[PDB]
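The structure appears right after this line, and notes come after that.
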Amino acid sequence: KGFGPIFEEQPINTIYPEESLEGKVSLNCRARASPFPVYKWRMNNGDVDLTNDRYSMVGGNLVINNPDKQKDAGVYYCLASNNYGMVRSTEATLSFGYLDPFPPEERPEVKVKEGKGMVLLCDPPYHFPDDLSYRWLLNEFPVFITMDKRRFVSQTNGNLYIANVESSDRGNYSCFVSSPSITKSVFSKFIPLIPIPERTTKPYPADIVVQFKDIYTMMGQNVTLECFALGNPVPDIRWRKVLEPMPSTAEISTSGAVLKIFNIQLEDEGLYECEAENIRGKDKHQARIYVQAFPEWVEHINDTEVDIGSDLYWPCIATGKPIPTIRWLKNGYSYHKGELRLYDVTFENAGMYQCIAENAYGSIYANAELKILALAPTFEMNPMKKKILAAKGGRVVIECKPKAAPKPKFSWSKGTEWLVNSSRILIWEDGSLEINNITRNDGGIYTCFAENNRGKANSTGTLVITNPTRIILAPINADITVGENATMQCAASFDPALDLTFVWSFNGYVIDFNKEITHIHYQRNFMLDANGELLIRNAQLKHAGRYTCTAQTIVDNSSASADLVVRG
Amino acid sequence: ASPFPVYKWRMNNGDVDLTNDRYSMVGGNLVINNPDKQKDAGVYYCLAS
Amino acid sequence: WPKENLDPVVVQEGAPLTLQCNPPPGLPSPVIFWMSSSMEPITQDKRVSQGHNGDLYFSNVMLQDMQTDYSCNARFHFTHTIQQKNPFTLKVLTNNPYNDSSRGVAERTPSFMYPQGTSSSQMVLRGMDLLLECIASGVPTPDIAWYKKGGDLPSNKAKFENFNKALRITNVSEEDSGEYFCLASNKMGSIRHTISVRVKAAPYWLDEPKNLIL
Amino acid sequence: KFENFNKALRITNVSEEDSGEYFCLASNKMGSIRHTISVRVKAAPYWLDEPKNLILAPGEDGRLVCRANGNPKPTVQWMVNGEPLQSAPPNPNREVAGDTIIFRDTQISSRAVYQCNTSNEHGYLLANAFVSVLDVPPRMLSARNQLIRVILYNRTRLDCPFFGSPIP
Ligand SMILES: *[C@@H]1O[C@H](CO)[C@@H](O[C@@H]2O[C@H](CO)[C@@H](O[C@@H]3O[C@H](CO[C@H]4O[C@H](CO)[C@@H](O)[C@H](O[C@H]5O[C@H](CO)[C@@H](O)[C@H](O)[C@@H]5O)[C@@H]4O)[C@@H](O)[C@H](O[C@H]4O[C@H](CO)[C@@H](O)[C@H](O)[C@@H]4O)[C@@H]3O)[C@H](O)[C@H]2NC(C)=O)[C@H](O)[C@H]1NC(C)=O
Ligand SMILES: *[C@@H]1O[C@H](CO)[C@@H](O[C@@H]2O[C@H](CO)[C@@H](O[C@@H]3O[C@H](CO[C@H]4O[C@H](CO[C@H]5O[C@H](CO)[C@@H](O)[C@H](O)[C@@H]5O)[C@@H](O)[C@H](O)[C@@H]4O)[C@@H](O)[C@H](O[C@H]4O[C@H](CO)[C@@H](O)[C@H](O)[C@@H]4O)[C@@H]3O)[C@H](O)[C@H]2NC(C)=O)[C@H](O)[C@H]1NC(C)=O
Ligand SMILES: *[C@@H]1O[C@H](CO)[C@@H](O[C@@H]2O[C@H](CO)[C@@H](O[C@@H]3O[C@H](CO[C@H]4O[C@H](CO)[C@@H](O)[C@H](O)[C@@H]4O)[C@@H](O)[C@H](O[C@H]4O[C@H](CO)[C@@H](O)[C@H](O)[C@@H]4O)[C@@H]3O)[C@H](O)[C@H]2NC(C)=O)[C@H](O)[C@H]1NC(C)=O
Ligand SMILES: *[C@@H]1O[C@H](CO)[C@@H](O[C@@H]2O[C@H](CO)[C@@H](O[C@@H]3O[C@H](CO[C@H]4O[C@H](CO)[C@@H](O)[C@H](O[C@H]5O[C@H](CO)[C@@H](O)[C@H](O)[C@@H]5O)[C@@H]4O)[C@@H](O)[C@H](O)[C@@H]3O)[C@H](O)[C@H]2NC(C)=O)[C@H](O)[C@H]1NC(C)=O
Ligand SMILES: *[C@@H]1O[C@H](CO)[C@@H](O[C@@H]2O[C@H](CO)[C@@H](O[C@@H]3O[C@H](CO[C@H]4O[C@H](CO)[C@@H](O)[C@H](O[C@H]5O[C@H](CO)[C@@H](O)[C@H](O)[C@@H]5O)[C@@H]4O)[C@@H](O)[C@H](O)[C@@H]3O)[C@H](O)[C@H]2NC(C)=O)[C@H](O)[C@H]1NC(C)=O
Ligand SMILES: *[C@@H]1O[C@H](CO)[C@@H](O[C@@H]2O[C@H](CO)[C@@H](O[C@@H]3O[C@H](CO[C@H]4O[C@H](CO[C@H]5O[C@H](CO)[C@@H](O)[C@H](O)[C@@H]5O)[C@@H](O)[C@H](O)[C@@H]4O)[C@@H](O)[C@H](O)[C@@H]3O)[C@H](O)[C@H]2NC(C)=O)[C@H](O)[C@H]1NC(C)=O
Ligand SMILES: *[C@@H]1O[C@H](CO)[C@@H](O)[C@H](O[C@@H]2O[C@H](CO)[C@@H](O[C@@H]3O[C@H](CO)[C@@H](O)[C@H](O[C@H]4O[C@H](CO)[C@@H](O)[C@H](O)[C@@H]4O)[C@@H]3O)[C@H](O)[C@H]2NC(C)=O)[C@H]1NC(C)=O
Ligand SMILES: *[C@@H]1O[C@H](CO)[C@@H](O)[C@H](O)[C@H]1NC(C)=O
């Protein structure tokens, strides 16, 4: 009653604040097995000393007290072992979050002409978490500077871009960065900005400063496009595709300088054109979008069990834009690096197999237990039913399905006869036994023998034959009008030992007689030694059709049909 | 009430000394510290004026 | 901020709420205020508002409140740094019947929330800015009015802040010392809280010594 | 034995034999898991040799033994008529060493009741012992001319109790 290690929870790539309250950091590895899983961890593809006061362990989860940049940063992986083999967790990279504040420098006061925009550097300091959200503020913190076609805030550089300057744009301006990962928000020194007023403001052409470059990104991702230009007349920005239609999943937004793509598909690949215009002139930028895809499963493997010596093929299939490479780890180490077609299974092969699909980009795991069988046959679980019934002139079939390992050979024995493939008698390979057109001499004592390389098993069967249940009087066809009372005739002959029933069917659908609706028009009155007729009251158009009487017992069943026509 | 209610309590149809360290009051609710069989048992009623 | 696991708090339509910040130790006391994670400044009015202590107070929760999350934020003057507490969320419950043939909820008395009990004591130093707060809870948005024991409020120096829930004075002398109280007037009921304002004075120059030339 | 539907295990009198490492399995169809417990069998002090009363003739040598076994080892504390040994009336015959007290050439002097408190973190044990000096001839403590009966192949006993100032 064995069972291999199976994972529930696996570790994730993780990040710890340098200046944290928490002095403890933790990684999860959770699994289940019949012999409890035993856990090992490795650091940078190298062993870790288990008890160091600093380091400690709890139920597969690893703990470090007072972790240090200098020491603990690296890639950790978790090995769940038992008696049946080893299984590697997903690679988990551990880093220390870094977010120093800005350079303390004074930022010079800024003077500009009305009608000419300008741009200010955030000066982003060192950061280990890269999920940076940028905005800009005025005088005091809570004030916020909003997106128009005039003003914009880059989400990559972190700077602020203005096309057209007005008297309202004067005052203090400060950068603002938030890291949601570590929940930290910091802001740069304020910069004074003054626009000198100018009447009959000097017009300037469209001038592209913010591009969106050739990018390789994965299937199904969120993707966002920045495109911005400058000039005295508020520049108008327009998006299109070169030589294809825009993807359905496109949203333009109010600003008209930012473009959303939900669920990038195969077809979106190619060039995208951004046209920045104004009253005076124009400019264009063309960008390359390359679609990729992480490896994603199609027929991931599952827990399989087979016999020894059987020729095996493991179907493992994933799909990626970069064609996936397949690796086969046996108990936490690579065993095969190609089509896992195996011949001549053995003792030692059995256990834990890991199918990994990695490309140039990403990797995905699939774990499976391959179990091996070599049991002697027993009838403990699926024994033979001792007693079986038969009628003359009818095909009859007997199950001999026990539980053996190497798919052994079969035999049947009638006391003083060995029975084999014949004209009317066949033993199909699954182990069951067929007989056609039975006779009185067939009834008797049969034994099923299951003959295995390693041991055999024998079960006993007793087979009795009875006088067949047949129909003496068949139903006769009838024609009537609407509202008539009709009768269908049926008589059968049978053996006293047997338990017999009568079943009436309409148009090859059995009347159940179990619900009150049917009894409205239909009635049954079985009597005598043979008599089993049916009555119909208040005939309708729908009632006309085929009526079949079936005399059914546990040995065989005999059927006979007739027709009913309705007029009016 | 529009002019907030003011509370008085009476013990055995008799007035109660308000601050006795023992006795104390909060928002119309009356409190006794270390109550004694000998002393505090009785019928109390509350007057909202 | 200490990384804490936050289940969102729930409420039936129109019950009172006290949303607690409790920052890690802060010298000086940081600038406290409330933000959405969407980075939008959060709805503040007479009905619902933030305390000087930094917690947020809902006299009565409404339907709309479910729209967005509420996150506490604290600025430290010197390092120019802001700390963001893990954001909260709320859920509302409606028992209103579906009136046939086309606020369907119960109205309720006011109650005191921040200054529990009738009485409290505060100490402010002479010349300092004096600041008092009173927080109520009634289904019809209560109105806070501030007054003083047997004396008129100095209108030149005092003013209402934070939608009538804060009173602020200028330099405080022994004149201003005494007993101040606050009314949470509401359609259904009304209640007073008293505060003992004892003004104790920091040393100040009567005759400052000047240089002697002889 | 099993108690509480196999979720509790109980043992009788415990010794250092039973000390060690015990664990428990939560076998189940889906998974199974072990918990380990370090069973350190420590002990409140218990008497290995309890000091029994010393009867001596003038000039005979006696020693008091206070040996209690405990885990951790129990600390021995010596008092004389409930007075600290430090400030007790000085005696030349008396010699204290480790856990043992020695009187060589004992005399009428220093006749008192000595107390031993063997204690540790967990518990303590207290023992008293006194020395009595008398000068009497041997005495017979049972009935004269006893009659005792017994069968052939069975164990038997004759009780002839006695006592004397020097061990007779
Ligand atoms: C990157 O891209 C991913 C998408 O791949 C973004 O993922 C987003 O995640 C959130 C969180 O799961 C999704 O939010 C959901 O929000 C709905 C709230 O809306 C419901 O109520 C609205 C008001 O009545 C109503 O307008 C909604 O219907 C609109 O929106 C849906 C999409 O939600 C849209 O498909 C419709 O056409 C409408 O326009 C909707 O009725 C909330 O109900 C969801 O919770 C349900 O499902 C969760 C399980 O997911 C379940 O646990 C709950 O009990 C409940 O049943 C869910 O929170 C959001 O939709 C995703 N964005 C999408 C799909 O575009 C991710 O945000 C992007 N990155 C960044 C950084 O933003
Ligand atoms: C004594 O007599 C018995 C009975 O006649 C003999 O047993 C017969 O042996 C033959 C030959 O081996 C078997 O035919 C094989 O069938 C295989 C397919 O088996 C599956 O399907 C069978 C039928 O199922 C039908 O319906 C399903 C569901 O709709 C369909 O999917 C299916 O296609 C059929 O239409 C099932 O009965 C069976 O359990 C399986 O599920 C074939 O794959 C097989 O061909 C292979 O092997 C050949 C050599 O054997 C080889 O030439 C081929 O290239 C290929 O490799 C073969 O055709 C019968 O199944 C089996 N039982 C019968 C007929 O009842 C027995 O051998 C004989 N003893 C002797 C001669 O010593
Ligand atoms: C005087 O003292 C002697 C010796 O001490 C006593 O003899 C004992 O008598 C008892 C019976 O009262 C004996 O118990 C016997 O046990 C036998 C089995 O002994 C073996 O297994 C036991 C454990 O079950 C071991 O402890 C032991 O070592 C042996 O290995 C039974 O077979 C006996 O029953 C049969 O024989 C007796 C004989 O007297 C018959 O009367 C019974 O009807 C029966 O047929 C018996 O039960 C015990 O073993 C003896 N020895 C000891 C050392 O105790 C006398 O009892 C005592 N009084 C007299 C002699 O009057
Ligand atoms: C904190 O508050 C306390 C309490 O109010 C202040 O302390 C004392 O307050 C009393 C008022 O209760 C003052 O008494 C006043 O004294 C005035 C003296 O006149 C000079 O000072 C006036 C301002 O106090 C000033 O306006 C005046 O000039 C005016 O008239 C001129 C023409 O004549 C004109 O040109 C000027 O521009 C101006 O309009 C004089 O300079 C008197 O005039 C008042 O009527 C009143 O009697 C005390 O003086 C206050 N104590 C002191 C030491 O001055 C305390 O000052 C407050 N502290 C702060 C920092 O505000
Ligand atoms: C827990 O408490 C018990 C009870 O007090 C302690 O048992 C004492 O153990 C000591 C040390 O072994 C014994 O001294 C031995 O005595 C032997 C004689 O034992 C026979 O007679 C017993 C009745 O008096 C009888 O129970 C015993 O049979 C049992 O033990 C046999 C051991 O061989 C076993 O074969 C039998 O099947 C049965 O289980 C004997 O017939 C003697 O042979 C030894 O040489 C030695 O002198 C004490 O006698 C025991 N106590 C009693 C009352 O007999 C035990 O040590 C305690 N354990 C802890 C950890 O504290
Ligand atoms: C399949 O075919 C094999 C080989 O013929 C059968 O093996 C023996 O079959 C006979 C049939 O009569 C069995 O006798 C039966 O015993 C039943 C109860 O079993 C009792 O004996 C068993 C062992 O006996 C064997 O070993 C002794 C050793 O001294 C030999 O002397 C015997 O000859 C036997 O070989 C015990 O294990 C069991 O606990 C019982 O005490 C009884 O109910 C039946 O009425 C009948 O008398 C014989 O037991 C079989 N022996 C073995 C080893 O299998 C086999 O039974 C057949 N199986 C079936 C299902 O038919
Ligand atoms: C944007 O950044 C700018 C960068 O400096 C900044 O100037 C601007 O606002 C603040 O503006 C105030 C005044 O409005 C400045 O304060 C002044 O400081 C002077 C010395 O540096 C001082 O002499 C002056 O004094 C005035 O008042 C006294 C009476 O009290 C009178 O006697 C004098 O004659 C003057 O009239 C005044 O105090 C700040 O220095 C300045 N910078 C800050 C606060 O950082 C920023 N805000 C906006 C909206 O543009
Ligand atoms: C393995 O899983 C696939 C996908 O669910 C399923 O089609 C297949 O039948 C499974 N095979 C086994 C042996 O469970």
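What you see of chain A is 37-604, where the numbers are those given in Swiss-Prot.
If you're wondering, the header gives X-ray crystallography, 4.8 Å.
Quick reminder: no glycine exception, Cβ is built from N, Cα and C everywhere.
Features of the protein shown, as given by Swiss-Prot:
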- A:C65-A:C114: disulfide bond (DISULFID)
- A:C158-A:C211: disulfide bond (DISULFID)
- A:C263-A:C310: disulfide bond (DISULFID)
- A:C352-A:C391: disulfide bond (DISULFID)
- A:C436-A:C484: disulfide bond (DISULFID)
- A:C526-A:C585: disulfide bond (DISULFID)
- A:41-131: domain 'Ig-like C2-type 1' (DOMAIN)
- A:137-223: domain 'Ig-like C2-type 2' (DOMAIN)
- A:241-326: domain 'Ig-like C2-type 3' (DOMAIN)
- A:331-407: domain 'Ig-like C2-type 4' (DOMAIN)
- A:504-603: domain 'Ig-like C2-type 6' (DOMAIN)
- A:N208: N-linked glycosylation site (CARBOHYD)
- A:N258: N-linked glycosylation site (CARBOHYD)
- A:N338: N-linked glycosylation site (CARBOHYD)
- A:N457: N-linked glycosylation site (CARBOHYD)
- A:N473: N-linked glycosylation site (CARBOHYD)
- A:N494: N-linked glycosylation site (CARBOHYD)
- A:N521: N-linked glycosylation site (CARBOHYD)
- A:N593: N-linked glycosylation site (CARBOHYD)
Please work out whether the domain 'Ig-like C2-type 2' (A:137-223) lies in contact with the domain 'Ig-like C2-type 1' (A:41-131), by counting C-beta pairs under 8 angstroms that are 6 or more apart in sequence and asking whether there are at least 3.
yes
Of A:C158, A:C310, A:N338, A:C352, A:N494, A:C526, the recorded positions listed, which put a C-beta under 6 Å from ligand 8? Please answer none if none do.
A:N338
Of A:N208, A:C211, A:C263, A:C352, A:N473, A:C585, which recorded positions come close to ligand 7, meaning Cβ under 6 Å from one of its atoms?
A:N208
In sequence order, which same-chain residues at least six apart have a C-beta under 8 angstroms from A:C484 (disulfide bond)?
A:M420, A:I434, A:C436, A:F446, A:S447, A:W448, A:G467, A:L469, A:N494, A:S495, A:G497
Among A:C158, A:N258, A:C484, the recorded positions whose C-beta sits under 6 Å from ligand 1:
A:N258
When you measure from each Cβ to the nearest atom of ligand 2, which of the recorded positions A:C114, A:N208, A:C263, A:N338, A:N457, A:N473 fall under 6 angstroms?
A:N457
Cβ packing number for A:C436 (disulfide bond), 10 Å threshold:
21
Just to be sure I understand the packing, how many Cβ atoms besides its own are within 10 Å of the Cβ of A:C65 (disulfide bond)?
26
For A:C310 (disulfide bond), which of the three DSSP-derived states applies: helix, strand, or coil?
strand
Just to be sure I understand the packing, how many Cβ atoms besides its own are within 10 Å of the Cβ of A:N208 (N-linked glycosylation site)?
14
Going by C-alpha distance, which of the recorded positions A:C158, A:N208, A:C310, A:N338 is nearest to A:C114 (disulfide bond)?
A:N338
What whole-number Å value do you get for the CA-CA distance of A:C310 (disulfide bond) and A:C158 (disulfide bond)?
26
Top Cα neighbour of A:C158 (disulfide bond) in the set of recorded positions A:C352, A:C391, A:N521, A:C585:
A:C391
Let me know how many other Cβ atoms fall within 10 Å of the Cβ of A:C391 (disulfide bond).
23
